[PDB]
Structure formats: C-alpha cells, structure tokens
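Here the Cβ is made from the backbone with ideal geometry for all residues, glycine too, and neighbour counts use every protein chain on show. Every read-out reported here was derived from the displayed coordinates using simple, explicitly stated rules and does not represent laboratory data.
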C-alpha cells in the first residue's frame, strides 16, 4: 500500500511543478537539474554549516 | 479648486443629448419590403406578384428539393441549435466535413467557417494586421472590409478603383519611407486588400498585375470573393479560376456562403500557416456560437450540386451577357458593370444636385417597375459611415432561373419606365 | 437601490500557497518554452509547424514570434481539452467522437470509437430546448420545407419577410418593451449597434469583465471608453461624478452622452449585476443603460424574463436591452429591445440592417415556438416546469459543491458554476480526469480569465435530472480528492 502512496505523492509533485505538461525528456532534464542543485546545497552545508543543527533536528524527529 | 457646492450645481445643471436623434418621416429606408413567402423566383412583394430581380441567388439553389432534403435530414439528426462556441462542445462533424469540402473544392490546404457573412472578413483582417502595419485597400470596397480595417489600427492608404499605376505610386512612396528608417521597415508588414467582383461598382480586379506588384514590393494579398465565388470561371472557383492565377499566390481568400450557396455563413480559405492563426485570433470565431447544422448541411449539398455539373456557370454567364446587352440604350440611365458580372447597377446619366431627389427618382422608377411585375431593388448605403459613398443606383441581379423571355420583358419594362419618368 | 430579496454572493480569495505554486508552475513552463524555442530555431529538433513558402522568405515575417509564445508552448500542451467534436444533439447526454494524438497535440487523428452517453455540462441549453424531437422541431421542419433554408438578401432591400415581423412583435410582447429588432448573430448585434448609438464626444462606462463583443462595439465607435471595477458601484459613482463634473479630456467641454455597458450574468464569474443600484445611479446622473442579457434572458426570473424580472424592476427603466437566443431558446440569433423611436432609428441606421443578411426562416420558427412555449401560449405546462426545475438544479448543485470544500464564485442563483483550480497543470488534468469518467466540462485559463484564476465552468440545465446531477457530484468529488482541489477554509 505504501507504493500507491508514493506514486500518488509523485503525481502531486508533477501537478504542482507543472511537470505534468512536459515530455519525458523535459522531466528528466528538470529532475537532473534539481538533484544537482540539492547536492550542491548539501555539499556547501557540509563544508561550512555545523552538524549540530542536524543532530538537533534528528533528535526532534526521533 | 472646485467646492462641493460648485460640483453639486454643475451636476445639477448638466442635461445630456437624447439617445437617438429624431428621424424624418419621409425616409425611404424606413419603409421595408414585406415578402409574403420565400424570396424565390416569381415571388410576392408588398402583395404584388413579381419576378425576382433583386435577391443574390445566382445558381437557384435556394429552393432546390435536394438542398431542402439534405437540410431536413440534418435537422432531424441534430436539431436547430449548436448551443456553444467552436471551442466548447460546439464543433459538430458536419462543420469538419464542410471545412474539408471547401478546402478540396478550392484546391487549398485549409478553410475556416464563420457563422455570419460580415464577421468573416471583419475578423479575418484584424487578426493578421496590427497597429503599425501598412494596408493598401481599394477605394471602392464593401463596408465589411472597411470595418475590418477599422477594427485593426494599421495605416490604411486607399487607391483609385482598379488603378495599378496608383498602387505603384503608393508602393514606391512607401519604399522611400522604408529607406529612411530601415529599423522600422524590417518590422512593418504590407497588405493589399482587394475584392474579386465588386458589389458597389460591379467590376473585376486585375489579379495578374496585382501579383506582379506583390512579388516586386513584398506586399501580401487578401482577396474577398463574395460575388465571384460561385459564378466566375469554368468550375466556379472564383476569379483565380477566371484569370488562371495559381491560387498559392493569393494569401487569404474570404467569401460568404450566403449568395451562391444560399446558406447563412462565411468562410476563409488558405494555407494552414495562415488559417490556423484565425482559430485563436478571430473574434467572430472564438467568441460566438457555431453555424447551425442544417445550414452547414445545406451548404455541403449545394457544393455537391455545383461540383456535379459546371454548366450552370456557363448558362449564368450567357444570361448576364444577354441582359447586359439588352439593357444598353436607356434614355435616362446608364449601366455600371461588366458583361460577366451577375449583379450590376443602373445610375442616372445627368444627376441632379441633391442626392435625395436622385433617390426619389430611382425609387419612383422602381415602384413603377414593381407594378409591372418586376421586383427591382435599389442599393442601400450608410451615407455618414461609408468612406467612399457610391452614387445612388438600382441593382440588377441575374440568375440561372430567369428564362430568356423574362430577361427581355425586364429590359423592355425598365426602358419604358425610365424613359417615362425621366421625361 | 433596494433589494426586495437578499443578494448573497461570495468570491473567496486565493490562498497564498496556491498562488505561489501557480507562479512556480508558470515559471517552469516559461523556461522550458524558451528552451524548446531555442532548439526549434537552431533545427536541433524537427518542427511540427507550417513554414512560409520559399518564394516568400524575404517577405517580412507574418507572425512575430513573441506574439504566439503563449499558444505554442503553453496552450498546445493541453489542446486536447478544447474543440472536442460531437455527433449528437447537445442534450443532457452527448456523443463525443474519440480522437488521439501521437505528436503531443500538434495533430489529431480520429479513432473509430465514439464515446456514448457523456454527461454534458459545456452546452448552454439552460431550459432544455436543444432536442431533435418536439413541436419546435416539427414547426421548424415545416418552415424549412416551405420557405427554404437561408435568405439571400439584406433586410432593407428584399430580405424582409413576414416571419421576421412575427418574431419581432413576439419579442416585443415577450420582454415587455414597446418594440424590438432581431439580428442573425449576437456578436453582430453588439458590434453593429453599439457604434450606431454613440460617436465621438460620448463616454462609454464599460465594466471590467465585459464580453469581447461589447468591447469591440465600444472600440469601433469613436466614443471615449473608461472602465470601472467589476460590480464596484462606488467606482461607478466616482467615474460618473468625475465625467459629469470635469468633461471631455483635452477641451474641458461637457459630454454629449454617457452610456453604461453592463451584462445580466457574467458567464466566467457567475455574478449577477446589481441592477437596482445601477438604475439608481443612472437616474441620479442622467446616464443611459445598455444591458446585455445573453445568459439571463431564459435562466433567470420566475417566468424566465431576465434580470429585470429577477429583481422585480420595470423594463421601461433600461434604455437598451440586448439579448441572444443561442443560450436558452436553442437557436442562433440576437435582439435589441426598447422604445419605438430607438428601434426606428436602429432599423434605419444599423450596420447589419443595411449590409448583412437576415435570419434563416427555419431558425426564426424555432425561436417563435420556444417563446410561445415559455410564456404559456401553447397551452402546455412546459414553460413553468422548465424554469422551476432549472432553479432546483442550481440550488442543489451549488449547495452540494460548496459543502464539499471547493471554491465557487458568483451569486448563489446563477446557473453557471465556476469551480476554481488555480494551477496550469490542473487545467489539463481536470479535463482529462473528468472525460475518463464520462463527464464533459469546460476548463478555461489565461486568455479568457486572469493568470492565477483558472476555472472549470459547469452550465446547469433543466434537462439534467437528479440522477445525472448525483452521478456528476460523485465523480467530481472523487476527482477533487485525486487532484487536491478542495481549497476552501470555510466549509467541508
């Protein structure tokens, strides 16, 4: 049942970001750019931002 | 500035004009002709039986039993109303079949259907021409073309009727203006809006010279073929059929299905590159309901009848020639038009000073003819609105239905009546 | 301006998050449109577009690229929701020809199959006079057999028939005005008869959300045009005061006339005009009123006479009453009603009366029979039942959708129900998801409506029965859960 939930979440992502309209290669281009930017932000956060905030967030989630 | 007291008394004092000015009692257009029945050949006008020389029904397809049966079958299938625009559940299969039939009939890639004969050209012109463009339109063009040119805000430059030296002069002057400012010249579009057979005058345009001018001065061409669509050429494809001009040269060809095909509507045909823009930028298309199915089916059946035998065009041509030849020699009137033209005009040779007296003379002639069983009509114009107002004139319309004897009687009746009244 | 019965309307505002996501979606589409345009220009990808012929390459380009930007990159992606062909009478249930595309909506191929029994909510038959059987159809068939289809000349010359006179006097008795005139097209009615009434030196106070025909009619005449906010009567009063006090723009001369262009029901918004306040203002400031009643002439009022009967007012107060037969009576046409002098002036000085062809004789008989049915001439009780059923349908549908959690615009009595989607992808998604479940709806977007407010408009009818409405409500509820379309913070 979790797979149906995740497919629905992806469908909502497509509806919100207007990727529903676009052809599959355009979707792949957008997703690649998004994950590249996410990785860049993660690396920059690792270089400078303290991990203490991450530990606090993990404790709050747990 | 102004006090509240001053503004209140200003609002109190103001008295606006009446909504509509008073109309004189003796206005000819105020009285309407009541046709008791269909406006067919041998009709009844004002209670008097008359032979119809006034209605634009060239091929006699108005009361053809095949056309009526086709329209009745379509009415039984769909009904009378479309109940929506072409965008919103108002596109039927008959509309697509009719568009395809017109595209195949005119040897053209695409055609588009408007639901009213005025709106087709009055919405075709504003779509392609915007503010800042140059338009070279003929002096003697119908009201629909003028309103289409007014709806767009381009620059309109009239030229003399069927004068190609004057179009050369205008296009050369615009060439100099282009040389002065190349930056604007690169973004200014030139159009030439002409008509195949002119309703006002009754003459025909010189397409060969117009096409050479298009290819010399890079100015596109729009053609209106209201009268010449179903009457000119061997297979009745218009004036491009008449001259032999390749239809690809003409960029847009607009006509109305109301004269020859005898069903309400209009259409515009051209390449897909040109036509497809009208489906979104055509106001008469996007913002109005579609053609009722029965009218579209009647148009399709009329197209079938025209395609089955093209001899009716030849018989119409010979009838026009014969009546035009017989109408020559009136003592007080003169014929304005060409032999090949179905609908031409009779105008006074020596016109009195006032236009109202000329209209009164022509209407007395029309009434005296109508008492003798010939239903003539007089061309009706808006005096104030028209850019170039033609002289008052009686309209003569010829049909494949009117036999030779009826044409001879009409000619002799007009001769007697005009020579009596002008005496 | 006094309302004898309450005037309850609601226009709930766009939530902040939904507006932000709408802007993000439009931005993504804009960037990918720029990318596709760049690829197409450099021929890296083949173009499914027509090109100007090689003999016309050195001509000035007919279309400026930026002009068609919205159409190629945004409208084309969801073009399948519009121009859907039908092959049946547009009753409660319609037959849609099935079509498919293999190059992403650039060209459509018709598959053999036909979708049967589609619940229809895009057609305008409020009173359910769109049927292929009935007394209207028999009368139209008889007139088609006798008079033929289409007339071949203008009204002034030979195209004036006895049917036209019968229809005009019938309309005059219908509305309650002294005289009326009929035209072959409502768009033509507006665009040809607004320029006759006013000219240069007259002011036209137009609504914000007026139809394209009214705007075109105002543009064709030389009158100065000013715009007031949609049903903001304080704004109308301010513009009236300023126009009367100051005068013409360059030379501060008084105006010749002031004409107020309004509508009965605004189709997109679904809001009924505040007519009593407009009449109070026009009586206080000596203005003229042009009331367009395309959507309200059949739907609204206890006996289907329009807004002037819905509010209980007097038809003599309104100077010009335009109207269209396409919506309710089921036949194409248009009309203007007013006093005798106005109608005589229009009969003499109207563009369509001089240059345009009359109505078709088969259509005028359908109109005549529909009107005689509505106002009780036929002897049957179809006129009362149709209006009562339409009112009940409107109440039921609007109540049920509002208590599901959707955002609905407009007055609670208007039969047009605009549901709000707010997002560009959901415009296509809603249409496709509805059609999969055998409901046809009209989704409109950026050109007809503002950029943020995207809506699906349901046009209810007296043809829809309670079972059709219940089925439609179930399917709309399920699709709303699917697409997360319940943006209402008030009720659920």
### Message
I'd like the FRET efficiency for residue C:138 and residue B:304, computed as 1/(1 + (r/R0)^6) with the beta carbon distance as r and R0 of 25 Å, rounded to 0.05.
### Response
0.40
### Message
Using a Förster radius of 45 Å, what is the FRET efficiency between residue B:100 and residue B:351 based on their Cβ-Cβ separation? Nearest 0.05, please.
### Response
0.35
### Task
Please report B:272, C:267, B:373 as a ranked list, fewest other C-beta atoms within 10 angstrom at the top and most at the bottom.
B:272, B:373, C:267
### Message
Taking the square root of 5 times each eigenvalue of the Cα gyration tensor, what semi-axes in Å does the equivalent ellipsoid of the range A:23-62 have, largest first?
### Response
30, 14, 4
### 10 Å Cβ neighbours from other chains, averaged over peptide B:21-32
4
### Query
Per residue Cα convex hull volume for chain C, in cubic angstrom?
197 Å³
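Note down the relative contact order for chain C as a percent, whole number, built from C-alpha pairs under 8 angstrom at least six residues apart. Before the final figure, lay out each step's value.
On the way: 854 pairs, mean separation 100.0, N = 492.
Result for chain C is 20 percent.
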## Note on the structure
Note: probe point = Cα of residue C:251 + 7 Å toward Cβ; backbone nitrogen < 17 Å; residues of the range B:1-45 passing the test are B:17
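Please compute the average number of Cβ atoms from other chains found within 10 Å of each residue's Cβ in peptide B:275-286.
Numbers: counts 1, 4, 5, 0, 3, 5, 4, 0, 6, 7, 1, 3.
So the per-residue partner count for this stretch is 3.
Please rank A:33, C:371, fewest neighbouring Cβ atoms within 10 Å first, as an exposure proxy.
Details: A:33 10, C:371 20.
Fewest to most other Cβ atoms nearby, the residues stand as A:33, C:371.
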### Task
Once every Cα of the range C:135-374 carries one equal point scatterer and solvent is ignored, give the base-10 log of I(q)/I(0) from the Debye formula at q = 0.09, 0.16, 0.17 Å⁻¹, two decimals.
-0.38, -1.13, -1.26
### Task
Express in whole angstrom the spacing between the alpha-carbon centres of the range C:243-321 and the range B:315-330.
55 Å
### Query
Rounded to the nearest 5, what is the percent of antiparallel bridges among the DSSP beta bridges in chain B?
60 percent
### Task
Could you grab the Rg to Rh ratio for the range B:1-75? Cα atoms only, Kirkwood for Rh.
1.47
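What share of the DSSP beta bridges in chain C is antiparallel, in percent to the nearest 5? Working shown, then result.
Details: 28 of 48 bridges.
So the antiparallel bridges amount to about 60 percent of the total.
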### Message
Let me check against my output: what whole-number percent is the relative contact order of the range B:112-166, with C-alpha pairs under 8 Å and at least 6 apart?
### Response
39 percent
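How long are the three semi-axes of the equivalent ellipsoid for the range B:295-423, computed from the Cα gyration tensor as the root of 5 times each eigenvalue, in whole Å, largest first?
Details: eigenvalues 172, 74, 34 Å².
After scaling each eigenvalue by five and taking roots: 29, 19, 13 Å.
Report the semi-axes of the equivalent ellipsoid for chain B in whole Å, largest first, where each axis is √(5λ) for an eigenvalue λ of the Cα gyration tensor. Display every interim value, and only then the final one.
On the way: eigenvalues 235, 189, 141 Å².
Semi-axes from the Cα gyration tensor: 34, 31, 27 Å.
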### Query
So if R0 is 45 Å, what FRET efficiency would residue C:106 and residue A:44 give, r being the distance between their Cβ atoms, rounded to the nearest 0.05?
0.60
### Query
residue B:328 to residue B:215: extension gain in nm, 0.36 nm per residue of separation minus the Cα-Cα distance?
36.7 nm
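Percentage of Cα-Cα pair distances in the range C:74-209 greater than 24 Å, rounded to whole percent?
Roughly 59 percent, rounded to a whole number.
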### Query
For peptide B:288-298, how many partner chain Cβ atoms fall within 10 Å of a residue's Cβ, on average?
5
## Note on the structure
One would report the antiparallel percent of DSSP beta bridges in the range C:135-374, rounded to the nearest 5, as 35 percent
### Query
Can you pull the percent of Cα pairs in the protein assembly as shown with separation above 46 Å?
32 percent
### Task
Report, in cubic angstrom per residue, the convex hull volume of the C-alpha atoms of the range C:147-215.
150 Å³
### Query
Between the range C:81-125 and the range A:18-52, how many Å separate their Cα centres?
40 Å
### Task
Return the single residue from B:19, B:158, B:382 with maximal mean-square fluctuation; model: Gaussian network over chain B, springs between Cα atoms under 10 Å.
B:19
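Tell me, C:42, B:14, C:82 in order of fewest to most beta-carbon neighbours within 10 Å? Walk me through the numbers before you get to the answer.
Numbers: C:42 8, B:14 16, C:82 19.
By the 10 Å Cβ count, ascending: C:42, B:14, C:82.
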